[PDB]
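Residue numbers (the entry's author numbering), protein chains in the order written: chain E, 367 to 415; chain B, 22 to 477; chain A, 22 to 477; chain C, 22 to 477; chain D, 121 to 169. The C-beta atom is built at its ideal place from N, Cα and C for all residues, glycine as well. This report concerns only the one structure given below.
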Ligand SMILES: *[C@@H]1O[C@H](CO[C@@H]2O[C@@H](C)[C@@H](O)[C@@H](O)[C@@H]2O)[C@@H](O[C@@H]2O[C@H](CO)[C@@H](O[C@@H]3O[C@H](CO)[C@@H](O)[C@H](O)[C@@H]3O)[C@H](O)[C@H]2NC(C)=O)[C@H](O)[C@H]1NC(C)=O
Ligand SMILES: *[C@@H]1O[C@H](CO[C@@H]2O[C@@H](C)[C@@H](O)[C@@H](O)[C@@H]2O)[C@@H](O[C@@H]2O[C@H](CO)[C@@H](O[C@@H]3O[C@H](CO)[C@@H](O)[C@H](O)[C@@H]3O)[C@H](O)[C@H]2NC(C)=O)[C@H](O)[C@H]1NC(C)=O
Ligand SMILES: *[C@@H]1O[C@H](CO[C@@H]2O[C@@H](C)[C@@H](O)[C@@H](O)[C@@H]2O)[C@@H](O[C@@H]2O[C@H](CO)[C@@H](O[C@@H]3O[C@H](CO)[C@@H](O)[C@H](O)[C@@H]3O)[C@H](O)[C@H]2NC(C)=O)[C@H](O)[C@H]1NC(C)=O
Ligand SMILES: *[C@@H]1O[C@H](CO)[C@@H](O)[C@H](O)[C@H]1NC(C)=O
Ligand SMILES: *[C@@H]1O[C@H](CO)[C@@H](O)[C@H](O)[C@H]1NC(C)=O
Ligand SMILES: *[C@@H]1O[C@H](CO)[C@@H](O)[C@H](O)[C@H]1NC(C)=O
Ligand SMILES: *[C@@H]1O[C@H](CO)[C@@H](O)[C@H](O)[C@H]1NC(C)=O
Ligand SMILES: *[C@@H]1O[C@H](CO)[C@@H](O)[C@H](O)[C@H]1NC(C)=O
Ligand SMILES: *[C@@H]1O[C@H](CO)[C@@H](O)[C@H](O)[C@H]1NC(C)=O
Ligand SMILES: *[C@@H]1O[C@H](CO)[C@@H](O)[C@H](O)[C@H]1NC(C)=O
Ligand SMILES: *[C@@H]1O[C@H](CO)[C@@H](O)[C@H](O)[C@H]1NC(C)=O
Ligand SMILES: *[C@@H]1O[C@H](CO)[C@@H](O)[C@H](O)[C@H]1NC(C)=O
Ligand SMILES: *[C@@H]1O[C@H](CO)[C@@H](O)[C@H](O)[C@H]1NC(C)=O
Ligand SMILES: *[C@@H]1O[C@H](CO)[C@@H](O)[C@H](O)[C@H]1NC(C)=O
Ligand SMILES: *[C@@H]1O[C@H](CO)[C@@H](O)[C@H](O)[C@H]1NC(C)=O
């Protein structure tokens with residue numbers, strides 16, 4: 367089952383089961399309680415793990 | 022020592038090695054000649070030797086004068102009913118320490134063998150080889166030696182007629198100035214008082230192009246095990262004669278032996294950084310712990326070579342441990358302390374007997390047999406991992422397997438006692454001037470302001 | 022940071038350099054042969070090789086045993102949907118750190134290429150000349166050199182019949198013992214655990230008479246610019262094989278690259294003495310301040326070489342400071358400490374952007390065109406001098422011209438907050454401890470009383 | 022300073038030596054050429070010199086560019102009608118210190134003699150000997166020198182036709198890379214700024230096989246007395262020209278002179294362990310005290326050589342001391358601190374002008390004249406022993422004679438005022454001001470509860 | 121698709137190594153051949169017709 371995908375530089379990622387990080391800051395990314403699918407763009411970090 | 026609570030605060034028990042100290046040195050006598058013996062160079066040598074001799078006389082003569090003047094300060098003879106003891110005229114010493122007295126006693130013991138070797142002065146000056154032996158007695162021999170005899174027995178010797186004699190004289194002059202610089206380098210502190218200063222075998226080996234085990238094999242001591250291989254930088258020696266006629270030095274060196282102090286175990290440790298309060302803290306605990314019969318002390322390996330199985334020191338370096346630091350290594354690990362580590366080269370996980378101690382909040386933890394991540398417990402910061410959770414472990418980027426068990430009780434479940442932060446600056450001493458002066462005459466204000474109304 | 026207040030307290034802003042860290046190392050393999058290949062000396066060399074072989078076999082075998090035990094600790098396995106690699110046994114490793122696991126994974130990675138190099142053992146042993154690079158085709162390569170092969174290809178070879186063969190045997194014995202001392206010297210710590218300890222490249226060059234540029238050119242690194250000419254002491258790398266048959270060691274080294282941390286600037290400072298209260302004080306500030314986007318950190322350039330324009334560290338060495346240091350650097354000259362000096366080698370004037378910061382209380386200050394003295398103002402301690410006062414300046418004996426402009430405000434008209442004198446003593450700590458003890462035992466007695474006299 | 026009270030607390034007055042500082046240096050100009058003028062090797066040398074030239078040009082050109090850039094900012098012709106001197110362009114320097122300005126003035130002074138030597142460039146480049154002299158003027162001379170010119174005039178020359186030309190070219194290549202590595206080693210910090218950095222004579226000496234004495238003899242300094250033999254490691258010198266045509270470096274060195282500071286006597290001290298409280302302690306005093314007209318201060322001989330009669334420093338190192346330490350040295354043994362030792366290498370007895378200071382509690386003390394033991398007095402700790410008690414004394418194992426007397430004041434009957442047991446502060450005592458200060462900030466909360474006491 | 125991107129970025133060096141023997145590829149006159157990629161490595165060039 368895929369849990370992340372890319373759409374025009376937009377990452378939809380289920381970070382509850384997938385590791386999510388920003389190595390500009392070297393921190394993990396956690397799951398919000400208001401949503402399950404995780405929105406990721408360059409506003410959080412431009413280079414993503 | 023409790024390794025569970027000390028692992029919970031962040032210190033991991035490393036290897037345990039032995040402690041062995043050099044003891045009982047026996048003596049052996051070497052001789053070092055200084056004037057190079059040219060015998061094939063009688064055709065073209067000029068008198069370039071005279072400049073070298075005038076350079077080295079200023080080293081040879083006052084060393085020998087100080088040696089015989091220290092020799093005059095000790096005499097033998099009976100003090101009345103007492104038999105002997107090498108009675109030392111204390112008015113002839115000025116200011117002297119215990120080691121100088123011991124060295125003077127050593128040269129008084131070695132006067133007889135120094136005279137015995139000095140009887141073979143013409144035997145010393147007739148050598149034309151690099152290193153060879155001469156029979157001192159029926160079962161004793163001497164170890165006369167030169168590193169630079171070979172260089173004017175294999176290099177300047179074949180160019181006796183191919184090259185011009187003035188160029189051999191110039192090259193011999195350059196080599197003699199270089200070698201006189203070498204003796205001026207090695208006998209630097211030895212010119213001050215050449216009777217109490219010990220002599221390193223390494224700086225002696227620098228006179229012979231850095232060949233340590235040539236000198237060791239000519240001495241006769243032979244290493245055969247792993248421990249005596251890295252051992253070899255701690256052989257000491259003493260000047261016993263400084264003869265000006267043949268321009269040589271008779272030296273007495275000591276053959277070492279690594280005796281073992283019983284019950285002493287050198288314990289190593291691993292320090293990791295743990296994230297508490299949003300900050301990465303490092304514990305303030307030392308590395309090497311000497312333990313001997315329930316006694317914790319400090320040592321320094323500033324000069325001690327470390328083997329795979331033991332600690333080898335030239336001399337015992339037992340320093341007292343702080344009793345606060347002893348109680349740190351006891352169950353009161355809140356008295357240990359911690360400091361900031363923001364640098365990236367801080368380890369977060371380590372292995373010990375199939376046991377993984379991992380700070381899992383910053384390091385990824387999962388088990389591929391179960392394909393689930395591992396979460397930090399709220400009651401601890403250091404994370405225990407063994408085969409009970411998963412025998413096959415992923416930590417960070419690396420894939421491992423584990424074994425064994427916890428050990429007495431698990432260090433993850435008990436409560437934690439967090440110490441104070443530690444700073445190292447004299448600015449903190451001025452701040453302790455300031456905040457005690459914020460408090461001291463405010464504590465005097467407690468003393469005043471309480472008693473003002475406690476009367477009624 | 023406020024440079025005007027820092028100039029008032031006595032610090033002058035020095036240069037600004039960059040910061041670069043070694044990063045992204047690719048791997049290149051070499052081999053190091055130990056047995057010298059004598060081919061011309063097959064007429065008379067005796068069996069002088071035998072003692073050298075017996076000496077090196079004591080230090081060849083256990084490294085090989087340790088490395089194959091390191092390969093035995095790892096096992097290429099895959100439980101379920103694993104990464105199909107790594108996997109070490111926790112019981113078979115004992116106690117280890119993260120870097121030891123990394124070294125084990127590096128051995129498990131490069132075992133294939135180690136077998137690839139070991140396939141050409143007869144090609145390794147037939148190298149008549151010393152330095153050659155071979156390859157495994159178009160991609161992958163290996164290198165080999167011997168610092169002693171030339172000495173038995175241009176020095177010991179031509180005296181094959183002019184000199185006696187026993188003298189060649191003795192000279193080769195002396196040379197082999199010297200070189201065995203050199204390998205014994207460089208692999209000092211390498212005998213303990215020859216998998217997790219890197220190899221200093223300068224100590225490797227010491228085996229070959231200190232020629233770092235020969236191995237630099239033969240390795241493939243060809244530095245051209247200013248910054249990489251001094252750099253080259255940061256090669257590093259670990260051994261991968263210790264083959265006994267051909268008597269060679271297969272080594273893997275890392276080709277470095279200097280990456281740049283963004284936004285980080287190293288700042289230097291100049292500390293001068295100021296005469297306050299009839300006393301000469303120096304400011305107590307660190308010399309180097311690294312800034313990266315409003316973030317002051319501390320660094321130590323103990324192993325870091327400094328070029329004309331940047332800082333070259335092998336790895337990042339960030340250290341923290343107290344927030345009182347941040348107050349000292351930003352706004353609070355009262356929080357900045359001071360120290361007492363009386364020595365003569367204290368500078369009192371300096372130059373910055375054509376602006377003279379000079380203590381005129383001890384140094385003569387005049388303007389030569391007007392021929393008038395410059396007097397210390399009572400409001401300031403450090404004197405600012407620009408071309409507004411005089412473009413032609415005479416300081417002490419020196420004759421200077423100034424220019425440019427001031428910059429925001431002058432430091433002389435701002436008030437100066439002199440901090441407490443930083444001067445510590447263990448006696449001060451001890452009697453402070455006694456003072457604190459007696460005062461809190463007074464206060465705890467009165468607090469027990471005042472808590473018992475709450476309710477009247 | 023009171024030696025009797027300081028002997029009562031356990032410190033013995035050592036030797037008294039003088040203090041000498043290097044001062045008033047004159048300057049001598051030398052030249053160092055780089056390209057080896059091979060003349061006998063015009064048949065088989067190939068163009069192996071070209072790689073050496075391209076390697077050294079990237080070093081030589083930027084040094085010359087920075088050298089001409091630093092001398093381009095200084096100008097003569099003072100606009101003041103009476104004063105005349107050298108003016109630097111302070112706007113063009115940017116940031117500079119006092120020593121940099123003084124160095125620029127020095128090169129401005131030496132530019133004329135640099136051009137005078139540069140007029141003899143073809144004389145410099147035509148030398149085929151190792152070290153020789155040329156006619157600079159009617160009485161001035163230069164000291165052009167090469168260490169490697171001997172090696173291609175006594176070693177590489179005679180194998181001109183016996184050995185193959187490519188082998189000579191490869192040997193020349195290896196030697197050129199090794200020597201180019203040596204110039205890269207010595208001119209490390211000089212590449213950043215070759216104007217304000219002096220050059221050590223020993224760093225120059227490793228370019229010529231570590232021959233400091235050859236450079237000392239060719240320079241003109243001829244040390245004859247015992248004090249100047251050890252001196253010579255502190256010779257300073259700076260470059261004045263960096264010529265790229267002949268690829269040579271014109272250097273200016275400073276001939277030193279050891280002046281003597283008046284009235285300053287350096288004093289040594291011997292710290293003996295004393296058994297108080299069943300415990301072995303040591304006094305906390307510095308080893309060396311400089312006294313100059315009743316002025317106790319501190320020095321550090323970290324770079325200063327120590328002779329038998331004097332202390333020789335390259336530059337004055339007067340350090341201040343605490344007034345509590347001055348009271349400790351003068352009158353207040355209660356102000357003197359003590360530290361704990363338990364290690365075996367603590368001497369408990371020493372000699373001073375025939376005066377035995379011996380702690381008899383641990384060391385066996387006897388009188389051989391009477392065959393009785395000597396008991397420790399309860400009023401003192403360190404045992405005074407002179408000829409008044411017994412002339413022939415047994416201490417430890419040793420027979421020792423004694424001499425002199427008490428001098429002025431007897432320490433054997435004097436009262437004891439051993440001060441506080443002061444403690445070292447490695448990392449821990451900061452948390453003893455960090456766990457006790459929070460008890461103080463519990464009492465700061467008790468100030469708020471004392472306000473409640475006042476209110477209720 | 122991201123995994124395929126990583127696969128081509130992982131194998132472009134070996135693709136260049138195989139492309140280095142383009143003239144060796146076109147000279148085959150039999151059905152199936154094995155040509156040496158490296159020291160102990162090979163590929164399979166093949167033409168059933
Ligand atoms: C080292 O010791 C020798 C031996 O002297 C003995 O030891 C000394 C420490 C003293 O205790 C001496 O009394 C004792 O004998 C010293 O050699 C001696 O030197 C002295 C001069 O210092 C010589 O005396 C001279 O001898 C002749 C007699 O014709 C004349 O030149 C002079 O008038 C003068 O008296 C003496 O002969 C000599 N030998 C002996 C056996 O005493 C030596 O000086 C001493 N110290 C040093 C630093 O070398
Ligand atoms: C390093 O590993 C090799 C390979 O062995 C493999 O790895 C080990 C860690 C274990 O997991 C093994 O089960 C596994 O096969 C070891 O070499 C092996 O050594 C053993 C002895 O220790 C050999 O057994 C001997 O074989 C013959 C049988 O005729 C007789 O001489 C003896 O009776 C004895 O049984 C074995 O053949 C050998 N090879 C293999 C493939 O197993 C190696 O010992 C090990 N460790 C070290 C320190 O070298
Ligand atoms: C070192 O100083 C020299 C000398 O110049 C003098 O000092 C300078 C600091 C300035 O104050 C100058 O005004 C003063 O004369 C400098 O060399 C000079 O450089 C300039 C270029 O900057 C040269 O001009 C060139 O000349 C020819 C004309 O045909 C052409 O190549 C160019 O079009 C250009 O105009 C000039 O000739 C030269 N010499 C003199 C005597 O002025 C030098 O720049 C300075 N700095 C360094 C780093 O070397
Ligand atoms: C060189 O000296 C040795 C040793 O004394 C001697 O055997 C040999 O004959 C000498 N050679 C010549 C050519 O004189
Ligand atoms: C230290 O531990 C002991 C038991 O070993 C306990 O009695 C004591 O209260 C502890 N002290 C602390 C935590 O300060
Ligand atoms: C730790 O305590 C928990 C309960 O808090 C218990 O389940 C566990 O077995 C303990 N671990 C031991 C005793 O090793
Ligand atoms: C507080 O400052 C005074 C001087 O004002 C000083 O004497 C005292 O020792 C200081 N208090 C401390 C250091 O606790
Ligand atoms: C010395 O060895 C070289 C290299 O193998 C060879 O060319 C030469 O002929 C040999 N010379 C002798 C005398 O054996
Ligand atoms: C420190 O500086 C700030 C402004 O940056 C100022 O408000 C404050 O009063 C200063 N504190 C002192 C001098 O203690
Ligand atoms: C410094 O302040 C004084 C008044 O105190 C004023 O005359 C002078 O111009 C000021 N200098 C500046 C702002 O550079
Ligand atoms: C202060 O220090 C000692 C330890 O040095 C402690 O035992 C004592 O109770 C304290 N108080 C006094 C008055 O000495
Ligand atoms: C070697 O050079 C010297 C000095 O230039 C010269 O006198 C001599 O003739 C030369 N010899 C040969 C064989 O070229
Ligand atoms: C220090 O010694 C002086 C006399 O030299 C004396 O007056 C003073 O009381 C002493 N102070 C002490 C012992 O604290
Ligand atoms: C030391 O004092 C005692 C009395 O306390 C006295 O008998 C003795 O002579 C004194 N020693 C001297 C002054 O040298
Ligand atoms: C002083 O106490 C406070 C509050 O307990 C604490 O934060 C601080 O670190 C202490 N000071 C030192 C120097 O440890």
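- In its chain, beyond the 5 residues on either side, 109, 110, 113, 114 and 125 have a beta carbon closer than 7 Å to the beta carbon of residue 94 (chain B).
- The C-beta distance from residue 239 (chain C) to residue 166 (chain C) rounds to 6 Å, short enough to meet the 8 Å contact threshold.
- Distance from the CA atom of residue 65 (chain B) to the CA atom of residue 216 (chain C), rounded to whole angstroms, is 47 Å.
- As computed with DSSP, residue 405 (chain B) is found in a beta bridge with B:378.
- Bridge partners of residue 361 (chain A) according to DSSP: A:302.
- At least one heavy atom of ligand 10 lies closer than 6 Å to the C-beta of residue 431 (chain A).
- Assignment of residue 250 (chain B) by DSSP, reduced to helix, strand and coil, places it in the helix class.
- Contact between the region 164 to 178 of chain C and the region 38 to 45 of chain C is absent, with fewer than three C-beta pairs closer than 8 Å.
- In this structure, residue 427 (chain B) has its CB closer than 6 Å to one or more heavy atoms of ligand 6.
- In terms of side-chain proximity, the C-beta atom of residue 308 (chain A) is found no nearer than 6 Å to any non-hydrogen atom of ligand 15.
- A distance below 7 Å separates the beta carbons of residue 50 (chain C) and residue 134 (chain C).
- Proximity to ligand 11 was defined by a C-beta distance below 6 Å to any of its heavy atoms, and the residues meeting it, in sequence along the chain, are A:458, A:459 and A:462.
- Secondary structure of residue 427 (chain B) (DSSP, three-state): coil.
- As the crow flies, the alpha-carbon of residue 211 (chain C) is around 53 Å from that of residue 439 (chain C).
- Under DSSP, residue 371 (chain A) takes part in a beta bridge, and its partners are A:378.
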